[PDB]
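Single chain ahead, by itself, as structure tokens, in the form deposited in one PDB entry.
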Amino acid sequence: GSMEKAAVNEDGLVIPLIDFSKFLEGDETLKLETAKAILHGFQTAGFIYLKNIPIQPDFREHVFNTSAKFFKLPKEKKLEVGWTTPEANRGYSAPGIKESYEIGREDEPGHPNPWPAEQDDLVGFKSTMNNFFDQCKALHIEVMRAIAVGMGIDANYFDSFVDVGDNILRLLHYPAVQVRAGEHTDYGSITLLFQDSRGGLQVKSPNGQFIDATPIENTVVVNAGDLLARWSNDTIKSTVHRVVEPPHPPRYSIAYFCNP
């Protein structure tokens, strides 16, 4: 743990809030302190919140606006960049309640991203999304480094595996307008979640009930997946969680799935 007040504290579930700039910019003592706090969170709750990440608030907001413009496209323009292969994991997915658009790295042979035609206010969609993908990738690399530093192994231990950039950026939109059997653990190393003000995410407590992951402004939610638990011989938890309709208006979220 560190100086900040928990993001979630309920029913024995404690999800910490950590100032990530203290890992990136602090001296060796402060860096280690923050890294261990990050590891501690993944070892107990399997979830943490980060603040003061290098991804700036104004860029996040622009990216959310850009996502909104994409989803306002007519249906056929979105189907024209439709999802293809499971190995691809790229493109638009229509409902079948909610819709999504998935972007991967630009240089995977035989699996290019299906980019929409850019006219009017969609001009800059591609450059914006590739930017955000790269910044999410850098953040993924740094979070794995915090885990390594926290464990007391070499900071760069995970770099080779995350440097391939084998990640998916997923834009989600729930048009206006409770779920069960959406309960799951993620498959990959870590997942970054940028949630809008309305929330919807719930994480299981050690006792066994689902607590709301209350949205906090300019914060990113990070959780470990099964692959990280595996790498750690189950010292790090891949915690069960689910998304739920909150207690009416349209909802947006952005997630970055690392090594899915």
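Only residues modelled in both forms are compared. One rule holds for the numbers: they count along the sequence shown, beginning at 1. Only the largest set of C-alpha atoms that superpose within 1.5 Å between the two forms is called the rigid core.
Another form, the form solved in complex with a small molecule, is not on view; read the next lines as being about it.
With the partner left out here, the small molecule still marks one of 67-75, 168-176, 136-144, 150-158 in the entry with it bound; by a 4.5 Å heavy atom cut-off that stretch is 168-176.
No residue of the trio 6, 31 and 40 has any heavy atom within 4.5 Å of the small molecule in the entry with it bound. In the entry with it bound, no heavy atom of residue 22 sits within 4.5 Å of the small molecule. Taking non-hydrogen atoms only, residue 201 approaches the small molecule to within 4.5 angstroms in the entry with it bound. Contact annotation for residue 251: at least one heavy atom lies within 4.5 Å of the small molecule in the entry with it bound. Not displayed here, the small molecule is approached by residue 193 to within 4.5 Å at the level of heavy atoms in the entry with it bound. When the small molecule is considered in the entry with it bound, only one residue from 17, 243, 236, 13 comes within 4.5 Å through any heavy atom, namely 243.
When the two forms are fitted on their rigid core, the residues between the shown form and the other one that move as runs of three or more, each C-alpha shifted by 2 Å or more, fall in 84-88, 178-181.
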